[PDB]
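Engineer: Provided herewith is a single structure, encoded as structure tokens, for subsequent inquiry.
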Amino acid sequence: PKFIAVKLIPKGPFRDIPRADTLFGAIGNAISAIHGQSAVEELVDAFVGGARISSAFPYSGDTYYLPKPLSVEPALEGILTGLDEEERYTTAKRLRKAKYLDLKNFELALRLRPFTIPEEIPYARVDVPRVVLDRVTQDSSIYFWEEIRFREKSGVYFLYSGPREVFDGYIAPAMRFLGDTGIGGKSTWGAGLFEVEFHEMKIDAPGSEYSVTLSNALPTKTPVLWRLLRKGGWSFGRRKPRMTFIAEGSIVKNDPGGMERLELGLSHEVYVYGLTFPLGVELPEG
Amino acid sequence: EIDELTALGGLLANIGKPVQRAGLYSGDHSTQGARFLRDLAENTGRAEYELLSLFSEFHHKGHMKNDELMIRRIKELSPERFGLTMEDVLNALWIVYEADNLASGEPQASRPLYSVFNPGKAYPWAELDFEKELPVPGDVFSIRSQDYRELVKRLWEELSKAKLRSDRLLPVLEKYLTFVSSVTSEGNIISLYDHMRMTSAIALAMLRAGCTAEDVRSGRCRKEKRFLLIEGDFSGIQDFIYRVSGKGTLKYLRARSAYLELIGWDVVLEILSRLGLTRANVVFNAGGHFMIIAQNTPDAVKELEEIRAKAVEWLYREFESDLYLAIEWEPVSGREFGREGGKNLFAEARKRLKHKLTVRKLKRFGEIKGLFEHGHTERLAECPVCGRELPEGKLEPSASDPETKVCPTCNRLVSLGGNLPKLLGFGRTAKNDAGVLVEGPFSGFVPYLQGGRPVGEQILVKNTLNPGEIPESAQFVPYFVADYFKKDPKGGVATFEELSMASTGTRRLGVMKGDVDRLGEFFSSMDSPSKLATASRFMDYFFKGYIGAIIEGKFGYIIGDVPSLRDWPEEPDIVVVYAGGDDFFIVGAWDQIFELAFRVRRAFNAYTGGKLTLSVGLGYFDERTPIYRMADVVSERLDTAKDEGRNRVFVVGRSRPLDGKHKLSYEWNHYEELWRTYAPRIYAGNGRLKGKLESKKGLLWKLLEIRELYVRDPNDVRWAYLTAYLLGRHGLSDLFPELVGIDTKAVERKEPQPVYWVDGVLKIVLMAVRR
Amino acid sequence: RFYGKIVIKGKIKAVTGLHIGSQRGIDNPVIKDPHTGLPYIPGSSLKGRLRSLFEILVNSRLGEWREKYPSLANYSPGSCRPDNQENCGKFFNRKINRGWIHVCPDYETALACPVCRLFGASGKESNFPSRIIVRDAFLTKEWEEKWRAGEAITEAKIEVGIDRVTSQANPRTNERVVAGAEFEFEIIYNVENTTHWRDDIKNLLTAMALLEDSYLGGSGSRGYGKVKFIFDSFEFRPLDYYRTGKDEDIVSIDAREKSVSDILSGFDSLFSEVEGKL
Amino acid sequence: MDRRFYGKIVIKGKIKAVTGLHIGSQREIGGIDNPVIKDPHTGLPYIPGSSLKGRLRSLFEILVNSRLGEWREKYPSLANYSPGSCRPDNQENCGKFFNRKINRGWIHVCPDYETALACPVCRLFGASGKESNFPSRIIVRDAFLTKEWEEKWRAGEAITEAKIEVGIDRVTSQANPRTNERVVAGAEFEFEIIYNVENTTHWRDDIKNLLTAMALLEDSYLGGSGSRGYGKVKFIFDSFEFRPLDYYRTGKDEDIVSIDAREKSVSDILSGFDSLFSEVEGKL
Amino acid sequence: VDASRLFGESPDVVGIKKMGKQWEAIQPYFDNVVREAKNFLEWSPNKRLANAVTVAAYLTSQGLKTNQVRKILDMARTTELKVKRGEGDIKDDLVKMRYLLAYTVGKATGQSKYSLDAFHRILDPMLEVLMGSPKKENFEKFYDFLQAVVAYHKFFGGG
RNA sequence: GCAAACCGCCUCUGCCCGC
RNA sequence: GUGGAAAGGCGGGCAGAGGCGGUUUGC
Ligand SMILES: Nc1ncnc2c1ncn2[C@@H]1O[C@H](COP(=O)(O)OP(=O)(O)NP(=O)(O)O)[C@@H](O)[C@H]1O
Ligand SMILES: Nc1ncnc2c1ncn2[C@@H]1O[C@H](COP(=O)(O)OP(=O)(O)NP(=O)(O)O)[C@@H](O)[C@H]1O
Ligand SMILES: [Mn+2]
Ligand SMILES: [Mn+2]
Ligand SMILES: [Mn+2]
Ligand SMILES: [Zn+2]
Ligand SMILES: [Zn+2]
Ligand SMILES: [Zn+2]
């Protein structure tokens, strides 16, 4: 299908690669700031009756990375039959352990074909040490803070499916506001800042009854193959309870998920983005 | 009972082999094995050794002919003195006879146990006492009859003072008959214990399955799925233990590994004491991964699904989707254990079962039914140590600082962390008893201290095979664990801030993590359950038992000389967080972690016969970095030295050019050759440099800046003449002579310069002088 | 509520050498880009040095700003280190691990304080965010092209320690940036209230005036500071800009102006269009 | 406890090397042995802040060491010090005046905040310490060449030279030559010392104690082998200025300026100190 | 044995350090082959380091006092300071470099004639190429060669 | 009639202290 | 309606001590 790849060209270090629940929390804070309360409810009603966003994924110089589907670990004997047993063991061990794939290798992994891993991940989790100084006696107090430091041409992006007037009215004004404020982390240290470019991605996904999620989904029925992701963030100082997401790459079957509202004692109601970004996939016998 | 007499039948039937190698009677050891048990029943014994001499006399098919020579001896030897029947005692001999062939699938010499890693190298006979003796597979020597005469003498002493019971005779046979070969042939690598531990496993699982003497005589028990291979693995161990914040300085984090192993034994012993099995049915239990041969009855399949249900639903309540236990089973038959034709059938049934462990870890908590359903729960907070979401009101003040509100399952581990010196194991009893610190999925564990009487129906004792002060109606489960730790001037475990203040040089923490490589391919060469049980204890005993005997400073000629900064002390400040399975995780002072990485791996090169290797990751950190970050880096650095030529040990965080030619991990034989040349010219011993180089470190510190011009681009040759000038005016033309000129052959071989591989010999010696 | 984002751009000129350590062949390294090895000035090291200089400025004028700013009546000049309790009557009320730092504990008190309104507070059931965003100042492209051309950007300076009696020398090495290196800084003020935004710019430009006569990072008292701000352009980025993307923001022009020419010598003369749109 | 701010007394002027200057570094392939330090950007020598702030501290610690019965009635925490060093007994803190082992040397640095608040040395140059750490009040910046010695460098004049010295063996009358680069005599640098006014009670003394160490520096040497000719520094002051607290808030030139552009460093500590700093006392 | 120990790029850097009439012609014909390399901008590769090992080995057997070469070594130093955004024309100073180079051989009298003979023989055909030349290029290859002569001068025992 | 023999570095130090 | 809000890798430290561009006789 034809999507809209919203590239994020970083102006500093991130705190984590963003996810779909903390992009919709960031977009909803943007629309509540530049439009108001009456447009956030129109925004939540647009993801229910229409299409949705995916998680954020890295890239490196027009090489768009996408997560490895979980459809290939039971297949992994049949994927690599044409390789000799002196290296077929360790080929499948680095292939089961992998996290991202290229845009060509993702389209091969959807069809259960032999594919390869990338050699260079576009970022690093570095530990920059900070300090806390007394204002009178200059007394140090070291603590450790971790960042995501990208490379020269690299960054992060997410995908969008849906109608265009929802994008051009809500998501496209939100990403220009969210480029000058941050996406998570210590944004007062200039962390979560970026520039934005809107492009066109086309993915060859086969047609089947199964599909893979490219976002955190919060499923309603039980999915087929999944990978649990137990998180829950913060909301205007109030804490969200931890919730059982599934990570991107998990396999669902005719499952749309659902955005769950929360109370938290605020004036408004807080929605947690529980929608899925489906692309078709081929499975083995279970 | 026929149940306790079948398990003690196959376990005590191949005894009589070590008295044949010693020569106490006329041969054909089925004859001598009868006259060894029957001799034991006379002097200080009961009349059940009189009947257990039937199992050691009617196998190898040399007496069971015409179905009437068995009756004439079992008629006068009366089973009526115990409760057995003429039909029943004759039924159990056919079960032990068939189980002898299902564990082997196959003379008159005296030939040692050959090594399971090299069949051309053999073990000398030793004791399994984990002191002073690393059995290195050396040259094949025929073991003398004077050594088997002393084997039987120590065994005769121990069988008399031990209760005739399956949990008491298994640690007796594991001490003495570990390094004795089962069948004396050329290149036989099956131990005698592991052939008796796995004959009594198959024999009891045939009795529980319901097959009788005509199901053995007609071959009905083979080619029919009457067996069942249980296999279970914990998933999430790296996220379970090390993912804790900057609290619990190495007493808590060492008690996380001891409490996870208690969860492992609380599921394994729950299967055995509920399907009717013994501990011989455990094929192995090594590193959160176990394997049990059981029976294929619908009463057992119905009960394993209830053990799997209660264990998973316990784990989700306690550990909020941080740790999962996938348990699977695959029905196999009698022909499935042995190699048929040329196609291995036991490795095929192990790959059918390993595929069911893979597809179940991708469905991580499916048997919960409240997993993906939300629920409004109010007023929750997190533990400051491990970060688990608990409803507050269940939080409570700790014992370190009463302001920190920690969860109750981490005040039980700080207390348990303080008792690890004063602990000889655990006692496994019911949940609602007194004295229970920690609770498993099925049973609560009490601390069995140094002095006192234990409580519990099953008493786990650590690092010994001797039931010292255990009651005679309790079950003895011996388990091994690498328990070396540095102590403070008090009795407890040392600290991250106390280990790193005795390092000869700058202050860093030394964290190593390493595992055996391509080991699952080695376990596919096993084609019988006894050969799997032999290969999976010897690799397990290296990390359980033969890693404390390295840090104690033994193995002098076998290890030899290693890259050492200071000489190896009597008290190394080294803490073994975990060792077991195939991996270890060891923290300590960074100047003795570095030596021990080349001292463990040299000892692993001689433990196996050179055919298996290690691969070690290494990092050097700050004390105040939390251990969830000092584990995620070294695990990345362990994998960095593993997606390469695989024999490689990472040493230090090194910068390298972005061309793809350069690799971050030294190979083991490469770096050890680079120590024999480069160290006796710039280093003398115990933290000090050589002569004519004292207080001349401005050479060596700026020498790395010469190497950093090579890291930016190897296309420049500017490092070649800058090396020759800085060595020139100091008069050091002899020191480092192959660093001034480029290597013409190396570019033809497409390999890096010798200025690239000189960083990790300089940078270790630089920071191990005061820095 | 949101009105716009005043964007401050320019250059950082290291007139003397610059040390911001990391503690990881020089015995004291400076921080570096993990991929290229270029040094940079952080945002934490530049925000916390603007806040430290401005908290001492407010500490000396607690009794003199009592009527422009409320919630300075709750504080006394000095620290809470002798009387070892947090949020006491003195001014440096919050202890983090060993040092005492002025952080207001409430939303309605940090909204009246001049420090915590701009630099942000933490609170208990308050959590007042900050309004400025301080980006990491990387090297300009004039100085990366000098880096690609084989020049050095960080030197190695060897100080010493000398006995007053026997004159025994004890040297160490300190890596610091070559004096002259241009950077590119960036500060984004967030206009939440349209009444007190002149005060938050005149306080932010005050802490830059203090920082030009103070030092940034490193030894400093031995001459490892001497920062100098060279502004390039100001922006306003109004609420109409973010809705539709049409580029009609208010651009104030200071191509080569100081931090003293911008604070009163131009503050009405440059922000007159900014004040007209409120 | 109670760190405040009133202004920053900025002392400017020009370092005048009357004899040849030498501040060395460690080792370029061809060049003079024992090189003078150089700016890596412009390729010119300079004077560090460390070689000037520590040298002013070293001349002033010895002058306080020689008077521990005249400053102590005016300065507390000098009853804790008896003149001498801790070189015999290898403890950090005892009754001797030089109470820190830096790595092998003994330098008077006070161990606590409130002890260093009353020391005449450590209130000005600052201190370190466990659990309490008094920072400095003067900052000394690196002194580069003036504007009229960039032009002489561009014209082609030698900013340095190469004096060759010989260590003569006494008995055999044997030579042993070596070279020493030195900045040529008459070359002129530009110093920068900024006293940070934190208390208005005691700044009269801290300006006089700073000018005391400067007057000892025009009588002593600065860097290199100054007992063999390589010192003889001379201060030429340009502008004593005050920079009050209202300067950094407004931005107009509200700074009090004392003008002594052609005076001597001993002619500022001379009686007339309270006349040149009369308008500064009217602002506190 | 002398020409066999002097291979293409780098036969032995420490082998020639332990080693009169052997390389009296083998190095000098290679110094004449270095004199045959008139184009200084002809070998970006290892050949500059390959020549300068053989260049500085023929001169370390003779005297070649570095303190007399420092008048030229500081002449290449102060003009490299003019490379770093100072000037664009070293044409008025390479002639001054060649003026002092005639003053270099014109002052050293005694046993330092054959040392200063090859020091006059190698640099000056490359400097004539440097007469009507750019200075950002064809001089960087000269000055990296000029650094490599003095760098192996100390390594083989000079000073 | 005027210069050449030798001498071009020697020996001390090299990160402490605090979170 | 953002795993968020707040947090300077910092305080103190002279590249310094010692040293005549010199003597020996002729080729
Ligand atoms: N108590 C323990 N403490 C520390 N490490 C342990 C302990 N028990 C087992 N281990 C080791 O921890 C390793 C990591 O296990 P695990 O988290 O399952 O990784 P993994 O098996 O490769 N991932 P998965 O394929 O999902 O099971 C195991 O291979 C064991 O060797
Ligand atoms: N002593 C042991 N006996 C039996 N099985 C074991 C033992 N130790 C580890 N295992 C299991 O064997 C497998 C080894 O997995 P792993 O640690 O990934 O090594 P590997 O498969 O050989 N690949 P590598 O990373 O190169 O070691 C895991 O399933 C372990 O649980
Ligand atoms: Mn596992
Ligand atoms: Mn392994
Ligand atoms: Mn492993
Ligand atoms: Zn906890
Ligand atoms: Zn405040
Ligand atoms: Zn003092």
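Just so we're on the same page: first chain in the structure tokens is A, next is B, and so on; residues restart at 1 for each chain, and ligands are numbered from 1 in the order they show up.
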Go through the chains and note each residue within 9 Å of ligand 8, using only C-alpha atoms (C1' of nucleotides) and all ligand atoms, then give the set as a compact mmCIF listing (two decimals) with N, CA and C atoms, in the first residue's frame.
Structural biologist:
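Full text of out-v7.txt as output:
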```txt
# COMPACT_ATOMS: atom_id res chain seq x y z
N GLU D 61 51.32 32.86 49.38
CA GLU D 61 51.32 31.89 50.47
C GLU D 61 52.58 32.00 51.31
N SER D 77 41.10 31.33 61.55
CA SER D 77 41.63 30.10 60.97
C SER D 77 43.09 30.24 60.53
N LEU D 78 43.85 31.09 61.22
CA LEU D 78 45.31 31.08 61.18
C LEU D 78 45.90 30.72 62.53
N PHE D 97 51.43 24.85 58.06
CA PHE D 97 50.67 25.77 57.21
C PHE D 97 50.39 25.18 55.84
N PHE D 98 51.28 24.35 55.31
CA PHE D 98 51.10 23.75 53.98
C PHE D 98 50.56 22.34 54.19
N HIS D 108 49.41 25.13 50.66
CA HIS D 108 48.41 25.57 51.63
C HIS D 108 47.05 25.72 50.96
N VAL D 109 46.17 24.76 51.21
CA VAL D 109 44.77 24.80 50.77
C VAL D 109 43.92 24.42 51.97
N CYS D 110 42.97 25.29 52.33
CA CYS D 110 42.13 25.05 53.50
C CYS D 110 41.19 23.87 53.26
N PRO D 111 40.86 23.10 54.30
CA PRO D 111 40.08 21.87 54.10
C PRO D 111 38.57 22.01 54.14
N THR D 115 36.27 27.39 57.15
CA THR D 115 37.66 27.68 57.48
C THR D 115 38.30 28.57 56.42
N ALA D 116 37.99 28.32 55.15
CA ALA D 116 38.54 29.10 54.04
C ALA D 116 37.89 30.47 53.90
N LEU D 117 36.78 30.72 54.58
CA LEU D 117 36.15 32.03 54.55
C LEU D 117 36.95 33.07 55.34
N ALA D 118 37.81 32.64 56.26
CA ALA D 118 38.59 33.55 57.08
C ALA D 118 40.08 33.52 56.78
N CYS D 119 40.54 32.61 55.93
CA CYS D 119 41.94 32.63 55.51
C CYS D 119 42.16 33.74 54.49
N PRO D 120 43.22 34.53 54.63
CA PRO D 120 43.49 35.57 53.61
C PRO D 120 43.94 34.99 52.28
N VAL D 121 44.56 33.82 52.28
CA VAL D 121 44.96 33.18 51.02
C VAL D 121 43.76 32.54 50.34
N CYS D 122 43.07 31.65 51.04
CA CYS D 122 42.06 30.80 50.42
C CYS D 122 40.70 31.47 50.26
N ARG D 123 40.50 32.70 50.76
CA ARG D 123 39.26 33.37 50.40
C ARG D 123 39.34 33.98 49.01
N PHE D 125 41.93 32.91 46.38
CA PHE D 125 42.28 31.88 45.41
C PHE D 125 41.41 30.64 45.52
N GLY D 126 40.57 30.54 46.54
CA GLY D 126 39.70 29.40 46.69
C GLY D 126 40.41 28.21 47.30
N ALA D 127 39.65 27.13 47.45
CA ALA D 127 40.16 25.92 48.09
C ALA D 127 39.38 24.72 47.59
```
Engineer: Counting only C-alpha atoms (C1' of nucleotides), what is within 10 Å of residue 7 (chain G), bar same-chain residues fewer than 6 positions away, as a list in words?
Structural biologist: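 Counting only the stated atoms, we get residues 130, 131, 132, 133, 141, 142 and 143 of chain A; 44, 48, 96, 97 and 101 of chain C.
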Engineer: Put those residues in a file: N, CA and C atoms, as a PDB file, in the first residue's frame.
Structural biologist:
```
ATOM      1  N   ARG A 130      26.073  13.446  33.841  1.00  0.00           N
ATOM      2  CA  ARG A 130      25.701  14.787  34.250  1.00  0.00           C
ATOM      3  C   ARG A 130      26.216  15.016  35.665  1.00  0.00           C
ATOM      4  N   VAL A 131      25.980  16.211  36.202  1.00  0.00           N
ATOM      5  CA  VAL A 131      26.358  16.489  37.580  1.00  0.00           C
ATOM      6  C   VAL A 131      25.360  17.478  38.168  1.00  0.00           C
ATOM      7  N   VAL A 132      25.320  17.525  39.497  1.00  0.00           N
ATOM      8  CA  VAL A 132      24.496  18.459  40.254  1.00  0.00           C
ATOM      9  C   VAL A 132      25.425  19.232  41.171  1.00  0.00           C
ATOM     10  N   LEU A 133      25.446  20.549  41.026  1.00  0.00           N
ATOM     11  CA  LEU A 133      26.392  21.392  41.739  1.00  0.00           C
ATOM     12  C   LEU A 133      25.668  22.275  42.740  1.00  0.00           C
ATOM     13  N   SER A 141      27.566  16.128  42.332  1.00  0.00           N
ATOM     14  CA  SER A 141      26.704  14.970  42.572  1.00  0.00           C
ATOM     15  C   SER A 141      26.415  14.347  41.205  1.00  0.00           C
ATOM     16  N   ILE A 142      27.202  13.332  40.848  1.00  0.00           N
ATOM     17  CA  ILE A 142      27.073  12.729  39.528  1.00  0.00           C
ATOM     18  C   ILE A 142      25.852  11.817  39.478  1.00  0.00           C
ATOM     19  N   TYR A 143      25.115  11.897  38.373  1.00  0.00           N
ATOM     20  CA  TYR A 143      24.132  10.901  37.989  1.00  0.00           C
ATOM     21  C   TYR A 143      24.328  10.595  36.511  1.00  0.00           C
TER      22      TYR A 143
ATOM     23  N   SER C  44      22.672  20.817  28.849  1.00  0.00           N
ATOM     24  CA  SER C  44      22.689  20.763  30.305  1.00  0.00           C
ATOM     25  C   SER C  44      23.808  21.610  30.885  1.00  0.00           C
ATOM     26  N   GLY C  48      22.363  24.884  32.941  1.00  0.00           N
ATOM     27  CA  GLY C  48      22.698  24.881  34.352  1.00  0.00           C
ATOM     28  C   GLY C  48      23.719  25.922  34.749  1.00  0.00           C
ATOM     29  N   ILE C  96      19.506  17.690  46.218  1.00  0.00           N
ATOM     30  CA  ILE C  96      19.378  16.607  45.253  1.00  0.00           C
ATOM     31  C   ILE C  96      20.115  15.374  45.757  1.00  0.00           C
ATOM     32  N   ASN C  97      21.430  15.456  45.853  1.00  0.00           N
ATOM     33  CA  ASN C  97      22.172  14.378  46.493  1.00  0.00           C
ATOM     34  C   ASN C  97      23.157  14.894  47.530  1.00  0.00           C
ATOM     35  N   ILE C 101      19.904  23.585  45.997  1.00  0.00           N
ATOM     36  CA  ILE C 101      19.556  24.320  44.781  1.00  0.00           C
ATOM     37  C   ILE C 101      18.143  24.868  44.945  1.00  0.00           C
TER      38      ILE C 101
END
```
Engineer: Taking into account only C-alpha atoms and all ligand atoms, which residue in the set A:159, A:92, A:23, A:17 is nearest to ligand 2?
Structural biologist: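 Of all the options, A:92 lies closest to ligand 2.
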Engineer: Quick one: residues within 10 Å of residue 1 (chain G), only C-alpha atoms (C1' of nucleotides), excluding same-chain residues fewer than 3 positions away - as a short mmCIF file (atom, residue, chain, number, x, y, z; two decimals) with N, CA, C and O atoms, in the first residue's frame?
Structural biologist:
```
data_model
loop_
_atom_site.label_atom_id
_atom_site.label_comp_id
_atom_site.auth_asym_id
_atom_site.auth_seq_id
_atom_site.Cartn_x
_atom_site.Cartn_y
_atom_site.Cartn_z
N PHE A 24 1.03 9.66 19.60
CA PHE A 24 -0.34 10.14 19.72
C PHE A 24 -0.56 10.95 20.99
O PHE A 24 -1.43 11.82 21.01
N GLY A 25 0.22 10.69 22.04
CA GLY A 25 0.19 11.57 23.19
C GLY A 25 0.83 12.91 22.88
O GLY A 25 0.42 13.95 23.41
N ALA A 26 1.85 12.91 22.02
CA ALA A 26 2.52 14.14 21.63
C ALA A 26 1.73 14.92 20.58
O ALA A 26 1.76 16.16 20.59
N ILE A 27 1.03 14.23 19.68
CA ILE A 27 0.18 14.91 18.71
C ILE A 27 -1.04 15.51 19.39
O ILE A 27 -1.44 16.65 19.09
N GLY A 28 -1.63 14.79 20.35
CA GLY A 28 -2.79 15.30 21.05
C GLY A 28 -2.49 16.48 21.95
O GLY A 28 -3.36 17.33 22.19
N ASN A 29 -1.26 16.56 22.46
CA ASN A 29 -0.84 17.76 23.18
C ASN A 29 -0.57 18.92 22.22
O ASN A 29 -0.67 20.08 22.62
N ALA A 30 -0.22 18.61 20.97
CA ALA A 30 0.02 19.67 20.00
C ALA A 30 -1.29 20.29 19.53
O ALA A 30 -1.41 21.52 19.44
N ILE A 31 -2.29 19.45 19.23
CA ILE A 31 -3.58 19.94 18.77
C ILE A 31 -4.31 20.69 19.88
O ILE A 31 -5.01 21.68 19.63
N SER A 32 -4.12 20.27 21.14
CA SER A 32 -4.72 20.98 22.26
C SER A 32 -4.05 22.33 22.51
O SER A 32 -4.63 23.17 23.21
N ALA A 33 -2.86 22.55 21.97
CA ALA A 33 -2.16 23.81 22.16
C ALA A 33 -2.41 24.80 21.03
O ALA A 33 -2.57 26.00 21.28
N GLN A 37 -9.32 22.31 22.84
CA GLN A 37 -9.93 21.08 23.33
C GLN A 37 -10.93 20.51 22.34
O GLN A 37 -11.06 19.28 22.22
N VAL A 40 -9.25 18.04 19.70
CA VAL A 40 -8.67 16.78 20.15
C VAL A 40 -9.70 15.67 20.09
O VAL A 40 -9.41 14.54 19.67
N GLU A 41 -10.95 15.97 20.48
CA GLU A 41 -12.03 15.00 20.35
C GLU A 41 -12.35 14.71 18.89
O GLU A 41 -12.74 13.59 18.56
N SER A 235 1.30 11.73 32.39
CA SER A 235 0.29 12.57 31.74
C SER A 235 0.03 13.78 32.62
O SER A 235 -0.74 13.69 33.59
N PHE A 236 0.65 14.92 32.27
CA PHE A 236 0.56 16.19 33.00
C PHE A 236 0.94 16.04 34.47
O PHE A 236 0.30 16.60 35.36
N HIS A 268 -9.75 16.59 31.80
CA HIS A 268 -10.17 15.83 30.63
C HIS A 268 -9.89 14.35 30.83
O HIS A 268 -9.38 13.91 31.86
N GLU A 269 -10.26 13.57 29.82
CA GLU A 269 -9.99 12.14 29.80
C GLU A 269 -8.78 11.85 28.92
O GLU A 269 -8.59 12.49 27.88
N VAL A 270 -7.95 10.91 29.35
CA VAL A 270 -6.67 10.63 28.70
C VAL A 270 -6.80 9.33 27.92
O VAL A 270 -7.05 8.27 28.49
N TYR A 271 -6.62 9.43 26.61
CA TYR A 271 -6.67 8.27 25.72
C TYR A 271 -5.27 7.72 25.52
O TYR A 271 -4.32 8.46 25.27
N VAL A 272 -5.15 6.40 25.62
CA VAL A 272 -3.90 5.69 25.34
C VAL A 272 -4.07 5.03 23.99
O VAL A 272 -5.03 4.29 23.77
#
```
Engineer: Which residue, A:97, A:243, A:103, A:279, has the smallest gap to ligand 2 when you use only C-alpha atoms and all ligand atoms?
Structural biologist: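 Under the stated criterion, the closest residue is A:97.
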Engineer: Listing only residues of chain F within 7 Å of chain C, what is the closest atom pair and its distance in Å (to one decimal) for each, using only C-alpha atoms (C1' of nucleotides), sorted by chain and residue number ascending, as a tab-separated table?
Structural biologist:
```
residue	atom	partner	partner_atom	distance
F:13	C1'	C:170	CA	5.2
F:14	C1'	C:171	CA	4.7
F:15	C1'	C:172	CA	5.7
F:19	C1'	C:98	CA	6.7
```
Engineer: Could I get the residue neighbourhood of ligand 5 at 9 Å, counting only C-alpha atoms (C1' of nucleotides) and all ligand atoms, as a VMD selection string?
Structural biologist: chain B and resid 287 514 to 517 519 581 to 584
Engineer: How would the residues just chosen look if you wrote them out with N, CA and C atoms as a JSON list (two decimals), in the first residue's frame?
Structural biologist:
```json
[["chain", "number", "residue", "atom", "x", "y", "z"],
["B", 287, "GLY", "N", 21.04, -24.12, 34.16],
["B", 287, "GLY", "CA", 20.91, -22.75, 33.72],
["B", 287, "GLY", "C", 19.51, -22.35, 33.30],
["B", 514, "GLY", "N", 30.71, -14.37, 29.61],
["B", 514, "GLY", "CA", 31.15, -15.21, 28.52],
["B", 514, "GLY", "C", 30.51, -16.58, 28.58],
["B", 515, "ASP", "N", 30.34, -17.18, 27.40],
["B", 515, "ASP", "CA", 29.72, -18.49, 27.32],
["B", 515, "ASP", "C", 30.41, -19.37, 26.28],
["B", 516, "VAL", "N", 30.19, -20.68, 26.44],
["B", 516, "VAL", "CA", 30.62, -21.67, 25.45],
["B", 516, "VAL", "C", 29.89, -21.42, 24.14],
["B", 517, "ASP", "N", 30.63, -21.53, 23.04],
["B", 517, "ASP", "CA", 30.09, -21.23, 21.72],
["B", 517, "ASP", "C", 29.85, -22.49, 20.90],
["B", 519, "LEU", "N", 27.54, -24.70, 21.21],
["B", 519, "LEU", "CA", 27.35, -25.83, 22.10],
["B", 519, "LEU", "C", 26.13, -26.65, 21.73],
["B", 581, "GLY", "N", 25.28, -23.62, 33.53],
["B", 581, "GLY", "CA", 24.80, -23.82, 32.18],
["B", 581, "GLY", "C", 25.98, -23.79, 31.23],
["B", 582, "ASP", "N", 26.04, -22.77, 30.37],
["B", 582, "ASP", "CA", 27.23, -22.53, 29.57],
["B", 582, "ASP", "C", 27.84, -21.16, 29.82],
["B", 583, "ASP", "N", 27.16, -20.29, 30.55],
["B", 583, "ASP", "CA", 27.63, -18.91, 30.68],
["B", 583, "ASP", "C", 28.03, -18.64, 32.12],
["B", 584, "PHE", "N", 28.74, -17.53, 32.30],
["B", 584, "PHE", "CA", 29.05, -17.00, 33.61],
["B", 584, "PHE", "C", 28.93, -15.49, 33.56]]
```
Engineer: Near residue 88 (chain A), counting only C-alpha atoms (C1' of nucleotides), which residues have an atom at most 12 Å away, once you skip same-chain residues fewer than 5 positions from it, shown as number ranges by chain?
Structural biologist: A: 76-83, 93-95, 114; B: 518, 521
Engineer: Rank nothing, just name the residue among A:138, A:274, A:150, A:8 nearest to chain F, using only C-alpha atoms (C1' of nucleotides).
Structural biologist: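 Checking each candidate against chain F, we get A:138 as the closest.
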